[PDB]
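> test case, fold it:
(chains A and B)
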Amino acid sequence: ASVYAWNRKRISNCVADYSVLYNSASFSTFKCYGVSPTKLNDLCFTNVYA
Amino acid sequence: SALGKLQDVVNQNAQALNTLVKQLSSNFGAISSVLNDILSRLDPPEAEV
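Numbering: from 1, shown residues only, chains lettered A, B, ... in the order given. The relevant structure is shown in the block below.
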């Protein structure tokens, strides 16, 4: 979608695997604020917004 | 009410220790007030800040 009508997706009840995202080299920019990407696998979250 | 001079001595100490305990619940500008979450959520090169 366009910028002014950006979408938002609910994420819950997940065995989330962020290893595939970080290990992929297709992303030119991958910056995380407040969380280290390598530590994303250990943590648990109540809700995720995309 | 006669023993106030002896009771306040205990009261002041009780207040001081309590305020010392309360200081464990302050961020001081950091992202969390508990030391375990910082080490379990941030990279070693960054958590030192």
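> switch to C-alpha atoms for all contacts and neighbour counts from now on
Fine.
> residues near the residue lying closest to residue A:16 once chain neighbours are set aside, how many?
Nearest residue to residue A:16, sequence neighbours excluded (CA to CA, 6 or more residues apart in numbering or on different chains): residue A:41, at 7.6 Å. Residue A:41: 12 surrounding residues under other CA atoms under 10 Å in any protein chain shown.
> can you give me the helices in chain A?
With helices called from DSSP state H, chain A shows them at A:19-23.
> so what's the closest residue to chain B within chain A closest to, chain neighbours aside?
As assessed by CA to the nearest CA, chain B sits closest to residue A:36 within chain A, at 5.1 Å. Nearest residue to residue A:36, sequence neighbours excluded (CA to CA, 6+ apart): residue B:42, at 5.1 Å.
> what do you get for residue B:33?
Going by CA to CA, 6+ apart, residue B:33 has residue B:27 as its nearest residue, at 4.5 Å.
> so what's the residue count around residue B:14?
With other CA under 10 Å as criterion, residue B:14 counts 11.
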